Amino acid sequence: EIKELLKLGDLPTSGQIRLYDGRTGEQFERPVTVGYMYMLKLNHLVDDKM
Amino acid sequence: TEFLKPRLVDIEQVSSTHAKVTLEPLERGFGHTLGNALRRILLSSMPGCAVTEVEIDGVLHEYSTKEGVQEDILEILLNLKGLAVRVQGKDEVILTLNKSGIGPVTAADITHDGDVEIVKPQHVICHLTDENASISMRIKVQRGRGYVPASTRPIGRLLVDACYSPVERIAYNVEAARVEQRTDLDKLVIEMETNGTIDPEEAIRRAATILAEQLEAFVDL
Amino acid sequence: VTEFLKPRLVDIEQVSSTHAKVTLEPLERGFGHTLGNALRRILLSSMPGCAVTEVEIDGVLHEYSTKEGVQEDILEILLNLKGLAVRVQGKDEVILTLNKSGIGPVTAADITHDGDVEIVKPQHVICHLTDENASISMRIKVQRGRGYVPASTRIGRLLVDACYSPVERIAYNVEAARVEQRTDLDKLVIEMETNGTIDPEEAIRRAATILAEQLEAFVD
Amino acid sequence: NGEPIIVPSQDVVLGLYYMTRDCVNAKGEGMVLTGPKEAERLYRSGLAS
Amino acid sequence: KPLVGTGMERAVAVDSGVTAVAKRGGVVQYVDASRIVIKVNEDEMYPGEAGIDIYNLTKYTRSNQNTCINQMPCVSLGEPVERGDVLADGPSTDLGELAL
């Protein structure tokens, strides 16, 4: 079902694409996994600990 | 032992914020060198204008509300942070906004000034929900480059972080050409997405000028 | 304003006659990579010079053939010729002849003297003669070009890879620099080794000149 | 005991392992080189794997 | 809001009691950054009462852990609402769903 949704979105059904190094413009040798993920910030701040 | 020199051959405009530029011809390997150098220079060095200071008649700090206004003062500052302005004859300007009545308050309500023009008049700033409510503010706009948080530089003055860069996305491509009767020449196409405040050809010229002035050091020894 | 930092401190160390280390400081954030990568690409793939391309030996007929009287093999001889530096003054193609009889080393100094051909390092070892009677003769093609063209792409004569550029090794690194009250600046370090035909600093000058020249219709 | 206490791990090991692997019919196979510098030059140019 | 979820976000956001939930249906009369006024439908009135619901919101109040508690409305002027509908969001809520 995930692959069907990806194919509906016109994206590769593996989840991996080609990337380029922003420092040189050169291409990485293998395809890399890129996507979206939910992230959180916790109540452990370096401002309170130093 | 001589190299042909590239020229601008096309400037294709898609919309007010999307543009394409074509350089032709290039020798072997020069397309990627020039493309990467220009992409790195364009994303960090272009100058532009931004809002830096705000006054509101009744407000004392941004952690408060106003009678008749739908949004918080903090949300109003966040909205104001994304206003696009072209300033011609100076590096400072102070704009004034006055409004009354029920409805949206947009950038089209800002006082018209000869040397200042607004590229997106439909940008929504706030809302009024009562017929007896009114809003009045002063906005200070400056010029610069880079990212300058208000943290690293009278009760009533409100400061906002200024993002001066007018560039948002850069891409480039290298393709085979058909110049003269050779078979080893290339063409470089640059695609840029901006905020509509900078002309693409001037941006390319400024990037090339910066790169040449940087290279002047290694020529000497 | 439209003013950017220009470096003030330049340092050069001459490790050898053909080895240099250059240090430049200070730059702005991100400019070290921007300059270093472009300079490296130009020095690696777009430098002109003279090199050996094709060879012909009367005795031999194939790369896998074996000739009596020489300790080394044909592959080693081609490998030795591949790293023979030379300069040509006012031409584009030239043929050289080498003849030696006896037993002992066969060295670049043995090459027949010419008018527009100059040898860089005379004490370069090409062959070895184990027997007194044996002798070797050959012809050498030297041409002009750019970069590095391997023999495989080109496709009783033998072809060898051509090394037109005088650069043997080039590398760079970026470190931190802190002008007073500004501690996020760049420092660039460059390491270079050439083949002796030209000085490394001189080659860096040519690279920068070529790069600054090729963008000349856009600078306003 | 008599064992070293500094030892690379993780990304260093994976990088060195990938760097020293061997394939079949990769680009540039069959060449004869003058030394490590020629290998570096060929790899950074893009003519060999 | 999360792009990938499970379906339990609405229940937690509502049962927490950090949002404002309408008691009776009707239509929005006055909306503001500090107050909401609802005019009650006829079927939910009483013989001797005006028929106005007033909601006051919490603005920038400190919690037990020295964080911030703030409410903002999510309804527009003149819109109709049924009972059990979200009128404003509290902290970590987006249109009535839990958003961490």
# chains A, B, ... in the order shown; residues from 1 in each chain; ligands from 1

$ residues_around --residues "residue 101 of chain C" --least-positions-apart "2" --cutoff "8 Å" --atoms "only C-alpha atoms" --output "list in words"
residues 99, 103, 132, 133, 134, 135 and 136 of chain C

$ write_last_selection --atoms "N, CA and C atoms" --output "PDB file, in the first residue's frame"
ATOM      1  N   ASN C  99      69.717   5.361 -29.414  1.00  0.00           N
ATOM      2  CA  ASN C  99      70.562   4.224 -29.753  1.00  0.00           C
ATOM      3  C   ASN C  99      71.667   4.095 -28.718  1.00  0.00           C
ATOM      4  N   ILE C 103      76.993  -2.805 -22.427  1.00  0.00           N
ATOM      5  CA  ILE C 103      76.344  -3.369 -21.250  1.00  0.00           C
ATOM      6  C   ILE C 103      76.350  -2.317 -20.150  1.00  0.00           C
ATOM      7  N   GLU C 132      77.070  -7.431 -23.593  1.00  0.00           N
ATOM      8  CA  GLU C 132      77.855  -6.427 -24.302  1.00  0.00           C
ATOM      9  C   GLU C 132      77.399  -6.275 -25.749  1.00  0.00           C
ATOM     10  N   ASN C 133      77.038  -7.386 -26.396  1.00  0.00           N
ATOM     11  CA  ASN C 133      76.755  -7.348 -27.829  1.00  0.00           C
ATOM     12  C   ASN C 133      75.390  -6.735 -28.123  1.00  0.00           C
ATOM     13  N   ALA C 134      74.429  -6.911 -27.218  1.00  0.00           N
ATOM     14  CA  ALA C 134      73.055  -6.513 -27.498  1.00  0.00           C
ATOM     15  C   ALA C 134      72.925  -4.998 -27.615  1.00  0.00           C
ATOM     16  N   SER C 135      71.992  -4.562 -28.460  1.00  0.00           N
ATOM     17  CA  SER C 135      71.716  -3.149 -28.677  1.00  0.00           C
ATOM     18  C   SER C 135      70.219  -2.956 -28.879  1.00  0.00           C
ATOM     19  N   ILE C 136      69.748  -1.738 -28.618  1.00  0.00           N
ATOM     20  CA  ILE C 136      68.329  -1.407 -28.677  1.00  0.00           C
ATOM     21  C   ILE C 136      68.164  -0.071 -29.393  1.00  0.00           C
TER      22      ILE C 136
END

$ residues_around --residues "residue 112 of chain B" --least-positions-apart "3" --cutoff "10 Å" --atoms "only C-alpha atoms" --output "ChimeraX atom specification"
/B:95-97,108-109,115-118

$ write_last_selection --atoms "C-alpha atoms" --output "short mmCIF file (atom, residue, chain, number, x, y, z; two decimals), in the first residue's frame"
data_model
loop_
_atom_site.label_atom_id
_atom_site.label_comp_id
_atom_site.auth_asym_id
_atom_site.auth_seq_id
_atom_site.Cartn_x
_atom_site.Cartn_y
_atom_site.Cartn_z
CA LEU B 95 6.43 53.19 6.27
CA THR B 96 3.11 53.95 7.96
CA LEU B 97 -0.12 51.94 8.06
CA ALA B 108 -2.16 47.09 -0.13
CA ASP B 109 -3.19 49.32 2.81
CA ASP B 115 10.73 55.53 -4.00
CA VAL B 116 9.19 52.36 -2.48
CA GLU B 117 7.20 49.72 -4.34
CA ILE B 118 5.56 46.55 -3.00
#

$ closest_atom_pairs --of "chain D" --to "chain A" --cutoff "12 Å" --atoms "only C-alpha atoms" --output "Markdown table"
| residue | atom | partner | partner_atom | distance |
| --- | --- | --- | --- | --- |
| D:18 | CA | A:29 | CA | 11.5 |
| D:44 | CA | A:26 | CA | 10.6 |
| D:45 | CA | A:26 | CA | 11.4 |
| D:46 | CA | A:26 | CA | 10.3 |
| D:49 | CA | A:29 | CA | 10.4 |

$ write_last_selection --atoms "N, CA and C atoms" --output "CSV table (one decimal), in the first residue's frame"
chain,number,residue,atom,x,y,z
D,18,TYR,N,35.0,-0.2,3.0
D,18,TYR,CA,34.5,0.1,1.7
D,18,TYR,C,35.7,0.6,0.8
D,44,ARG,N,40.4,10.9,-8.7
D,44,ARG,CA,39.8,12.3,-8.5
D,44,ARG,C,39.4,12.9,-9.8
D,45,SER,N,40.0,12.5,-10.9
D,45,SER,CA,39.6,13.0,-12.2
D,45,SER,C,38.2,12.4,-12.6
D,46,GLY,N,38.0,11.2,-12.3
D,46,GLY,CA,36.7,10.5,-12.7
D,46,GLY,C,36.9,9.4,-13.7
D,49,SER,N,37.5,3.7,-11.0
D,49,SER,CA,36.8,3.3,-9.8
D,49,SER,C,37.8,2.9,-8.7

$ closest_atom_pairs --of "chain E" --to "chain B" --cutoff "9 Å" --atoms "only C-alpha atoms" --output "Markdown table"
| residue | atom | partner | partner_atom | distance |
| --- | --- | --- | --- | --- |
| E:30 | CA | B:129 | CA | 7.7 |
| E:31 | CA | B:129 | CA | 7.1 |
| E:32 | CA | B:70 | CA | 4.9 |
| E:33 | CA | B:70 | CA | 4.9 |
| E:34 | CA | B:65 | CA | 7.4 |
| E:59 | CA | B:64 | CA | 7.8 |
| E:60 | CA | B:63 | CA | 7.0 |
| E:72 | CA | B:71 | CA | 8.1 |
| E:73 | CA | B:70 | CA | 8.4 |
| E:77 | CA | B:129 | CA | 7.6 |

$ residues_around --residues "residue 125 of chain C" --least-positions-apart "5" --cutoff "10 Å" --atoms "only C-alpha atoms" --output "PDB file with C-alpha atoms, in the first residue's frame"
ATOM      1  CA  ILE C  77      60.089   0.149 -20.534  1.00  0.00           C
ATOM      2  CA  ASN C  80      59.524   4.287 -17.635  1.00  0.00           C
ATOM      3  CA  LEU C  81      58.801   6.234 -20.828  1.00  0.00           C
ATOM      4  CA  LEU C  84      59.756  11.073 -18.941  1.00  0.00           C
ATOM      5  CA  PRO C 105      72.353   1.484 -17.738  1.00  0.00           C
ATOM      6  CA  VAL C 106      70.502   3.290 -20.523  1.00  0.00           C
ATOM      7  CA  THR C 107      69.635   6.785 -19.351  1.00  0.00           C
ATOM      8  CA  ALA C 108      67.828   9.856 -20.687  1.00  0.00           C
ATOM      9  CA  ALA C 109      71.194  11.584 -21.202  1.00  0.00           C
TER      10      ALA C 109
END

$ interface_residues --of "chain B" --to "chain A" --cutoff "9 Å" --atoms "only C-alpha atoms" --output "NGL selection string"
:B and (32-33 or 35-37 or 40)

$ write_last_selection --atoms "C-alpha atoms" --output "short mmCIF file (atom, residue, chain, number, x, y, z; two decimals), in the first residue's frame"
data_model
loop_
_atom_site.label_atom_id
_atom_site.label_comp_id
_atom_site.auth_asym_id
_atom_site.auth_seq_id
_atom_site.Cartn_x
_atom_site.Cartn_y
_atom_site.Cartn_z
CA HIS B 32 30.39 21.99 -13.56
CA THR B 33 33.10 24.30 -12.21
CA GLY B 35 27.84 25.99 -12.02
CA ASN B 36 28.99 24.93 -8.56
CA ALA B 37 30.90 28.17 -7.95
CA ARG B 40 27.59 28.61 -3.85
#

$ select_by_dssp --residues "segment 7-188 of chain C" --states "helix (DSSP H, G or I)" --output "ChimeraX atom specification"
/C:31-45,74-82,108-110,151-154

$ closest_atom_pairs --of "chain C" --to "chain D" --cutoff "9 Å" --atoms "only C-alpha atoms" --output "Markdown table"
| residue | atom | partner | partner_atom | distance |
| --- | --- | --- | --- | --- |
| C:41 | CA | D:45 | CA | 8.1 |
| C:44 | CA | D:45 | CA | 7.1 |
| C:45 | CA | D:45 | CA | 7.1 |
| C:75 | CA | D:32 | CA | 8.5 |
| C:79 | CA | D:34 | CA | 6.8 |
| C:80 | CA | D:34 | CA | 8.3 |
| C:82 | CA | D:34 | CA | 8.2 |
| C:83 | CA | D:34 | CA | 7.7 |
| C:148 | CA | D:42 | CA | 8.6 |
| C:150 | CA | D:47 | CA | 8.8 |
| C:152 | CA | D:31 | CA | 8.9 |
| C:168 | CA | D:37 | CA | 7.0 |
| C:169 | CA | D:37 | CA | 6.7 |
| C:170 | CA | D:41 | CA | 8.9 |

$ residues_around --residues "residue 46 of chain B" --least-positions-apart "6" --cutoff "7 Å" --atoms "only C-alpha atoms" --output "mmCIF file with C-alpha atoms, in the first residue's frame"
data_model
loop_
_atom_site.group_PDB
_atom_site.id
_atom_site.type_symbol
_atom_site.label_atom_id
_atom_site.label_comp_id
_atom_site.auth_asym_id
_atom_site.auth_seq_id
_atom_site.Cartn_x
_atom_site.Cartn_y
_atom_site.Cartn_z
ATOM 1 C CA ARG B 145 22.901 40.713 3.529
ATOM 2 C CA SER B 165 18.707 37.140 1.286
ATOM 3 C CA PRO B 166 16.307 37.353 -1.699
#

$ closest_atom_pairs --of "chain E" --to "chain A" --cutoff "12 Å" --atoms "only C-alpha atoms" --output "tab-separated table"
residue	atom	partner	partner_atom	distance
E:1	CA	A:38	CA	9.3
E:2	CA	A:38	CA	6.6
E:3	CA	A:38	CA	7.7
E:4	CA	A:38	CA	8.0
E:5	CA	A:38	CA	9.8
E:65	CA	A:43	CA	9.6
E:66	CA	A:43	CA	10.7
E:67	CA	A:43	CA	9.9
E:92	CA	A:40	CA	11.6
E:99	CA	A:38	CA	10.1
E:100	CA	A:40	CA	6.8

$ interface_residues --of "chain B" --to "chain C" --cutoff "10 Å" --atoms "only C-alpha atoms" --output "PyMOL selection string"
chain B and resi 1-8+26-30+32-34+36-41+44-47+91+143-145+201-202+204-221

$ closest_residue --among "C:52, C:192, C:15, C:138" --to "residue 156 of chain C" --atoms "only C-alpha atoms"
C:138

$ select_by_dssp --residues "segment 34-75 of chain E" --states "strand (DSSP E or B)" --output "number ranges by chain"
E: 35-40, 52-56, 61-62, 68-69, 72-73

$ residues_around --residues "segment 60-71 of chain C" --least-positions-apart "6" --cutoff "8 Å" --atoms "only C-alpha atoms" --output "mmCIF file with N, CA and C atoms, in the first residue's frame"
data_model
loop_
_atom_site.group_PDB
_atom_site.id
_atom_site.type_symbol
_atom_site.label_atom_id
_atom_site.label_comp_id
_atom_site.auth_asym_id
_atom_site.auth_seq_id
_atom_site.Cartn_x
_atom_site.Cartn_y
_atom_site.Cartn_z
ATOM 1 N N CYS C 127 66.572 1.881 -19.611
ATOM 2 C CA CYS C 127 66.794 0.466 -19.892
ATOM 3 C C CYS C 127 68.048 -0.028 -19.190
ATOM 4 N N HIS C 128 68.299 -1.328 -19.339
ATOM 5 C CA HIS C 128 69.494 -1.975 -18.819
ATOM 6 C C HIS C 128 69.952 -3.039 -19.806
ATOM 7 N N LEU C 129 71.238 -3.016 -20.142
ATOM 8 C CA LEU C 129 71.832 -3.960 -21.081
ATOM 9 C C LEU C 129 72.699 -4.946 -20.309
ATOM 10 N N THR C 130 72.252 -6.202 -20.248
ATOM 11 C CA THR C 130 72.999 -7.222 -19.518
ATOM 12 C C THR C 130 74.194 -7.724 -20.320
ATOM 13 N N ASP C 131 74.072 -7.767 -21.645
ATOM 14 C CA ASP C 131 75.106 -8.319 -22.506
ATOM 15 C C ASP C 131 75.793 -7.201 -23.276
ATOM 16 N N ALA C 134 74.429 -6.911 -27.218
ATOM 17 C CA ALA C 134 73.055 -6.513 -27.498
ATOM 18 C C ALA C 134 72.925 -4.998 -27.615
ATOM 19 N N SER C 135 71.992 -4.562 -28.460
ATOM 20 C CA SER C 135 71.716 -3.149 -28.677
ATOM 21 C C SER C 135 70.219 -2.956 -28.879
ATOM 22 N N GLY C 156 53.177 -2.458 -36.236
ATOM 23 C CA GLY C 156 54.080 -2.701 -35.127
ATOM 24 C C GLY C 156 54.365 -1.462 -34.302
ATOM 25 N N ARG C 157 53.314 -0.889 -33.721
ATOM 26 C CA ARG C 157 53.425 0.308 -32.903
ATOM 27 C C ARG C 157 52.673 0.104 -31.595
ATOM 28 N N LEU C 158 53.142 0.782 -30.551
ATOM 29 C CA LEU C 158 52.567 0.676 -29.218
ATOM 30 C C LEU C 158 52.138 2.051 -28.728
#

$ atom_distance --atom1 "atom CA of residue 119 of chain B" --atom2 "atom CA of residue 197 of chain B"
7.3 Å

$ residues_around --residues "residue 198 of chain C" --least-positions-apart "5" --cutoff "9 Å" --atoms "only C-alpha atoms" --output "PDB file with C-alpha atoms, in the first residue's frame"
ATOM      1  CA  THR C  18      59.125  20.551  -6.854  1.00  0.00           C
ATOM      2  CA  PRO C 166      52.775  19.094 -15.317  1.00  0.00           C
ATOM      3  CA  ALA C 203      51.254  26.804 -12.177  1.00  0.00           C
TER       4      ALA C 203
END

$ residues_around --residues "residue 167 of chain B" --least-positions-apart "3" --cutoff "8 Å" --atoms "only C-alpha atoms" --output "PyMOL selection string"
chain B and resi 42-43+46+170+192-195

$ atom_distance --atom1 "atom CA of residue 10 of chain E" --atom2 "atom CA of residue 3 of chain A"
27.7 Å

$ atom_distance --atom1 "atom CA of residue 161 of chain B" --atom2 "atom CA of residue 147 of chain B"
7.9 Å
